[PDB]
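Following: one structure in structure tokens, then a few remarks.
Okay, here's the thing in structure tokens:
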């Protein structure tokens, strides 16, 4: 499947694409404002994620650090990124269907639109100023708005028993971005697309 990753932010982001134990395509790249990065993701990919990383510094070997979304200090991510990270999540060709989602489970750093570029479904978007409105206790110094699980490490926030309810923190994310997952047992915001759809992930989709 084809993913065009577009940085509409006025700032440089370092896109990352991984399925947790492996890079997707090159796994990461610098995207200056306006730049587009087209990647190919193998059909059947399950648990793929795309996210933006902010304020990165990399040397020549492709090693460095980002303030949000850092994936073990690599330009090309093999692993998922350090929160806070707005997440485009997808599972492709799962019994004939693609499943896409935006998740705030791991916090929020960059607004995002996750849309098919082919037909058969709708996109999802979380483009609210979550960082600006971020509750004091969830604020990440490097920027971004942490999820409560990341910050407080409780069974309720991390839903570790498989039983948890919404919280004042999850409700904050949900209020600003209704169409994104706000906590583990949130009512699914997953969109079902035809199998083998193509997509565009846009950072900072709105003017």
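Residue numbers (the deposited numbering): 1 to 207. Backbone N, C-alpha and C fix where the C-beta goes; we use that ideal spot for every residue, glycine too.
Could you tell me which of the options sits nearest to residue i, measuring between CA atoms?
i	options	result
residue 195	183, 154 and 93	93
residue 190	26, 100, 67 and 33	100
residue 180	85, 38 and 32	85
residue 116	80, 14, 16 and 88	88
residue 186	43, 22, 197 and 102	102
residue 107	148, 15 and 124	148
residue 22	6, 37, 34 and 41	41
residue 52	165, 111 and 138	111
residue 169	8, 197, 135 and 163	135
residue 16	61, 8, 74 and 9	74
residue 184	129, 13 and 161	161
residue 109	79, 27 and 140	140
residue 82	174, 50 and 3	50
residue 3	118, 173 and 150	118
residue 68	201, 14 and 199	14
residue 80	39, 38, 130 and 28	28
residue 199	38, 188 and 8	38
residue 44	96, 8 and 7	96
Quick test of your reading: residue i and residue j, contact by CB under 8 Å. State the CB separation rounded to the nearest angstrom.
i	j	result
residue 126	residue 177	4 Å
residue 132	residue 55	Not really, about 17 Å apart at Cβ, beyond 8 Å.
residue 31	residue 5	7 Å
residue 33	residue 12	7 Å
residue 113	residue 197	With 8 Å as the limit, residue 113 and residue 197 do not qualify as a contact, their Cβ atoms being about 15 Å apart.
residue 163	residue 151	With 8 Å as the limit, residue 163 and residue 151 do not qualify as a contact, their Cβ atoms being about 20 Å apart.
residue 120	residue 193	6 Å
Less than 6 Å between C-beta atoms, sequence neighbours within five positions excluded: which residues of the same chain meet that for residue i?
i	result
residue 206	127
residue 174	182
residue 10	33
residue 155	161
residue 26	76
Between residue i and the rest of its own chain, which residues show a CB-CB distance below 7 Å, the 5 nearest in sequence each way excluded?
i	result
residue 210	For residue 210 there is no data in the structure shown, the boundaries of the chain being 1 and 207.
residue 58	64 and 75
residue 159	183, 184 and 185
residue 62	74, 75 and 76
Among the residues of its own chain, which have a CB less than 8 Å from the CB of residue i, if the five just before and after it don't count?
i	result
residue 171	182
residue 46	19, 91, 92 and 94
residue 167	148, 156, 157 and 183
Could one say the Cβ of residue i lies closer than 8 Å to chain C's Cβ atoms, at least one of them?
i	result
residue 203	The chain inventory of the structure shown lacks chain C, comprising one protein chain alone.
**Asked** Which ranges does the alpha helix (DSSP H) cover as unbroken runs of at least 4 residues, wholly within the stretch 84–133, from first to last along the chain?
**Response** The DSSP assignment places 130–133 as complete runs of the alpha helix (DSSP H) inside the stretch 84–133, in order along the chain (cut-off: 4 residues).
**Message:** Could you tell me which whole beta strand (DSSP E) segments of length 3 or greater appear in the stretch 180–207?
**Reply:** Every beta strand (DSSP E) stretch that sits fully inside the stretch 180–207 and reaches 3 residues is listed by chain position as 191–194 and 199–203.
**Prompt:** Curious, which full-length beta strand (DSSP E) runs of at least 3 residues does the stretch 20–50 contain?
**Reply:** Counting only runs of 3 or more, we get 23–31 and 36–40.
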